[PDB]
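Q: Got a structure here, written out as structure tokens. Questions coming.
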Amino acid sequence: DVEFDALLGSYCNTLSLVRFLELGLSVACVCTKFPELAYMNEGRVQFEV
Amino acid sequence: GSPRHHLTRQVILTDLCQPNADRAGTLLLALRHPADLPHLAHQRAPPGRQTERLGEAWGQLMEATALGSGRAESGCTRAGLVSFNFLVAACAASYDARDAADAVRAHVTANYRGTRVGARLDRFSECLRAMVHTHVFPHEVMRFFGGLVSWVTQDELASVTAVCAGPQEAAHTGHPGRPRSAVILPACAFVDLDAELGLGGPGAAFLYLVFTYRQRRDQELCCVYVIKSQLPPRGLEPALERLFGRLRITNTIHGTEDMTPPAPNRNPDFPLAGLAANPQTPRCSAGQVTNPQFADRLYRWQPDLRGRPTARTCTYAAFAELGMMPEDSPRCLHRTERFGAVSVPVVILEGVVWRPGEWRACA
Amino acid sequence: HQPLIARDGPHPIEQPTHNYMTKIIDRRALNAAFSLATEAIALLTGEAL
Amino acid sequence: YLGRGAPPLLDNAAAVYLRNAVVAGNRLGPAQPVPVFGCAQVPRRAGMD
Amino acid sequence: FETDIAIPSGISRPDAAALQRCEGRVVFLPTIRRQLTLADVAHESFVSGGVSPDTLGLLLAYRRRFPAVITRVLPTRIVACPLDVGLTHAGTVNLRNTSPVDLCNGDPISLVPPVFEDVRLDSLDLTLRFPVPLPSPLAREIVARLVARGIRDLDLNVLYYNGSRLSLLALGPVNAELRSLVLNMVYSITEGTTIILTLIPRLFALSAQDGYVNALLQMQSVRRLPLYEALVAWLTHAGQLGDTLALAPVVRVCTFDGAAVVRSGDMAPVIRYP
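Laid out in structure tokens, this is it:
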């Protein structure tokens, strides 16, 4: 009596590297980065009319 | 080089505790789920008290915690964390330095986020006035939980991050502007035993939590003390006897009430020292005992223990280890910090290394 | 491989999960008939030549 | 009867009778009696449609 | 620091899956040692005597043995670390409940022998009894309940914890399994309260709320009856049980990056006192 078992192929994924600028939503932001934020308490932005 | 510590995280409602008003480095206290509280009070209480008082006092508290925003009283997630500055200001009408005690209550009823904050303190301290009467003691219910390092804020729930074991000055805060903390305690509780015994010698010292009770008929108090001492945990029971012995004098005579003693004195002297003298006294063997024709010739003896001031009703204190200060000389400061627009008598304990422990009654 | 999104708390932190699967091969077969008869043998053999 | 905080009537041969007439046979009313301190629960339905 | 408990040869196929199901469970061993045999680990390893030990003798061995929590289970050896020396270097070791009772954060955890209601390996002819890691404030309740049960034999089974209900009765063996505890708990008290009653023969005779308090307040200020030879028969006996019924907690749970309350069958991270 002769038998065998078999692994007939094994499959994986490709995780999609999503970037934020590639989206269409990237208009609704003003993205300028900090090298520090947690060194900062309440900051403010002024507006004149 | 960071020493080994152990952080905790628990999703905790901000009903009784606030990690926003109390800054980085106050004590905390875990609680049991309060569904256990008045069932034990129905069971463990001495004879002749109002067992439903705990279920009604704790009832009125939760029911006053919302009153509005349509919010259910039972919940899956439940606040079982009482902050330390909330607990001291609860029992703040039972200290000596009352002018500093209301200076703790001055930021408790103001700096907390909430509407009609002080309506809880007239109730939650009455809940502690029902813990003692319904006799489920809070050191059977309270439990240490670590000191704060950070908080993540949302409406009525927050992410409490504490240190359950290790040195306090080791865990990162979250803001790299001020990346550690210090143990911050109000001065209405921190009572030493160094100068108060005469121990002016330098050395390493232990920190303890100490509760006090006062068992009377609806005249019941509560205190919380964080005591620094150079004493062993085995050697605290004489030193707490020296301070709070007046409360022990009250509890042993006015704590036992509504029990009915047997009237008049019925139980005679115990004659076994005299019954063993005569060889002419009647006896019994191992098969003749538990027989009605033999036991009637023995000595009848009906002990009647009623109204005895038991050990469980003569408790005046209960302590637990909390941590040590391994320094050569323990370095304490005494400053006043600004919690918003309220300035507080503040004790700053520095260099605290955490070791929790079990409780121990001083009955 | 499942991906992640970062969430604000105080909901607890979710981590990368992963998935790993096998499948059993199911096995089927077929049939067809052919039949001949008595005279069909003897013409190919030689018993009726 | 799920709620709590209303003064019951005095002759307790009747306050027991009303609860055993409305909660008895109910789609919502509790099975275990209400805790004096917490909140009653809703009995579990077998199915949801 | 991880020891090795080697499995001897000849393991059947369900039994390699049976030991695959005790992943995070508390096990007692004699001495901390880098190599150890499974026959010194099992319930057979302390059936010494002629009767297999009941719940009393289980407690005595648990203070003479050094508790270890199993890490990964390789099919050749059981890798474990003990709770006394291996946990100063490695920080936190997972632990699985067998309790009917859930764990909260910050509880200290003692251990109880399986008094409530047990992997058997018939390729190796041994049983593996395991302790019940319940929280330590219940430990001075539950054992005090079950001792109080047998005293009725010569209402009680109500227990609440964490908004739940517990039923200890769930009758046959367990009352007979807990005979030796009941016959020492009674004896120590009846020896105590007759010697105390012999030294001061008036302790039952004074008026309780009137004259007995003066007898209490004075205590607080700073042939032949073989009585003074019988303190030692009491004090050593009572001084022995003060360790066994203490049920000292080795284990405190500090939850981090997880659920607040850990349920049955789940895992809870564990540290010792540092």
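Protein sequences, first through last, are from chains A, B, C, D and E.
The first sequence begins at 51 in the entry's author numbering and counts up one residue at a time.
The second sequence begins at 103 in the entry's author numbering and counts up one residue at a time.
The third sequence begins at 100 in the entry's author numbering and counts up one residue at a time.
The fourth sequence begins at 1130 in the entry's author numbering and counts up one residue at a time.
For reference, each letter of the fifth sequence is one residue, going 6 to 122, 127 to 163, 175 to 190, 195 to 246, 267 to 318 in the entry's author numbering.
Virtual Cβ for every residue (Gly too), placed ideally from N, Cα, C.
Would you verify that the beta carbon of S261/B is, or is not, closer than 7 Å to some beta carbon of chain C?
A: With 7 Å as the cut-off, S261/B counts as an interface residue toward chain C.
Q: Can you tell which of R296/E, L195/E, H48/E, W278/E has the C-alpha that lies nearest to the C-alpha of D162/E?
A: Checking every option, the nearest Cα to that of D162/E belongs to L195/E.
Q: From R200/B to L115/B, what distance separates their C-alpha atoms?
A: About 30 Å.
Q: Would you kindly work out how many angstroms separate the C-alpha atoms of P366/B and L131/B, rounded to a whole number?
A: Each residue's Cα considered, the two are about 48 Å apart.
Q: Are the C-beta of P225/E and some C-beta of chain B separated by less than 7 Å?
A: With 7 Å as the cut-off, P225/E counts as an interface residue toward chain B.
Q: By Cβ distance, which residues of its chain are closer than 8 Å to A148/E, with the 5 residues on each side in sequence left out?
A: Here the set comprises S115, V117, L291.
Q: Check each residue of the region 1148–1172 of chain D: if its Cβ is closer than 9 Å to any Cβ of chain B, include it; give the result in chain order.
A: The region 1148–1172 of chain D vs chain B, Cβ under 9 Å: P1164, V1165, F1166, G1167, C1168, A1169, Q1170.
Q: In angstroms, rounded to a whole number, what distance separates the CA positions of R316/E and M244/B?
A: The straight-line gap from Cα to Cα measures roughly 21 Å.
Q: Using a C-beta cutoff of 7 Å, does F228/E count as contacting chain B?
A: Yes, because at least one Cβ of chain B sits closer than 7 Å to the Cβ of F228/E.
Q: Between the Cα of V210/B and those of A232/B, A284/B, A388/B, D117/B, spot the shortest distance and give me the residue it belongs to.
A: The candidate whose alpha carbon is nearest that of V210/B is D117/B.
Q: Taking just the CA atoms, how far does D310/E sit from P136/B?
A: Those two C-alpha atoms are separated by around 24 Å.
Q: Can you round the beta-carbon distance between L34/E and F6/E to whole angstroms, since I take them to be within the 8 Å contact cut?
A: That pair is no contact at about 14 Å.
Q: Within 7 Å (strictly less), CB to CB, does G157/B reach chain D?
A: Yes, because at least one Cβ of chain D sits closer than 7 Å to the Cβ of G157/B.
Q: Considering only residues of the same chain and omitting the five flanking positions on each side of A181/B, which have a CB-CB separation below 8 Å?
A: Closer than 8 Å at the Cβ level, and outside the excluded window around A181/B, lie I114, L115, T116, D117, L118, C119.
Q: Should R296/E be labelled buried (16 or more other beta-carbon atoms within 10 Å of its own) or exposed?
A: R296/E should be labelled buried.
Q: Interface residues of chain B around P318/E at Cβ under 9 Å?
A: Chain B residues near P318/E: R106, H107, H108, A267, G268, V455, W456, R457.
Q: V98/E and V305/E look like a contact to me (Cβ under 8 Å); what is the Cβ gap, rounded to whole Å?
A: Going by Cβ atoms, the distance from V98/E to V305/E rounds to 20 Å, so no, they are not a contact pair.
Q: Mind listing the chain E neighbours of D138/B? Cutoff is C-beta to C-beta under 8 Å, in chain order.
A: What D138/B touches in chain E: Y180, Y181, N182, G183.
Q: Could you tell me which chain B residues have their CB closer than 8 Å to the CB of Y211/E, listed as they occur along the chain?
A: Those do not exist, as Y211/E stays about 16 Å from chain B at its closest Cβ, beyond 8 Å.
Q: Secondary structure at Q112/B, three-state DSSP: helix, strand or coil?
A: It is a strand residue.
Q: Could you pull out every unbroken beta strand (DSSP E) segment of at least 3 residues lying fully inside the region 16–69 of chain E, listed in chain order?
A: List check, beta strand (DSSP E) in window: 31–34.
Q: Whose Cβ in chain B lies nearer than 8 Å to the Cβ of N110/E?
A: Going along chain B in sequence order, the residues near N110/E (Cβ under 8 Å) are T110, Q112, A132, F247.
Q: Could you spell out where the beta strand (DSSP E) holding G249/B opens and where it closes?
A: It spans 249–256 - the beta strand (DSSP E) in which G249/B sits, taken as one unbroken run.
Q: Helix, strand or coil: how does DSSP classify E452/B here?
A: Note: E452/B maps to coil in three-state DSSP.
Q: Can you confirm whether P278/B, when its beta carbon is compared against all beta carbons of chain A, has any partner nearer than 7 Å?
A: It does; some Cβ of chain A falls within 7 Å.
Q: How about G157/B and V1165/D: do their beta carbons lie closer than 7 Å?
A: Their beta carbons are under 7 Å apart, which means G157/B touches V1165/D by this criterion.
Q: Within the same chain, show all residues whose beta-carbon is closer than 7 Å to that of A141/C, passing over the 5 residues directly before and after it, in chain order.
A: Correct list, in chain order: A147.
Q: Consult DSSP for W461/B and reduce its assignment to one of helix, strand or coil.
A: DSSP places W461/B in strand when its eight states are reduced to three.
Q: With respect to the beta strand (DSSP E) encompassing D9/E, which residues constitute its N-terminal and C-terminal limits?
A: Element bounds for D9/E: 8–11.
Q: Along the chain, which unbroken stretches of the beta strand (DSSP E) at least 3 residues long are found entirely within the region 179–246 of chain B?
A: Complete beta strand (DSSP E) runs here, min 3: 183–185.
Q: Restricting to Cα atoms, I'd like to know which of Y119/C, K122/C, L103/C is closest to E113/C.
A: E113/C has its Cα closest to that of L103/C, out of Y119/C, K122/C, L103/C.
Q: Closer than 8 Å is the cut-off here; do at least three beta carbon pairs connect the region 307–315 of chain B with the region 324–331 of chain B?
A: Yes, they touch.
Q: Could you tell me whether the Cβ of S171/B comes closer than 7 Å to any Cβ of chain D?
A: Closer than 7 Å: no.
Q: If we ignore side chains and look at the alpha-carbon of each, how far apart do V448/B and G235/E end up?
A: When rounded, the distance between both Cα atoms is 47 Å.
Q: Under a three-way DSSP split, which group does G157/B fall into?
A: Helix.
Q: In chain order, what residues of the same chain have a beta carbon less than 7 Å from the beta carbon of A291/B, not counting five sequence neighbours either side?
A: Around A291/B: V190, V326, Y327, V328.
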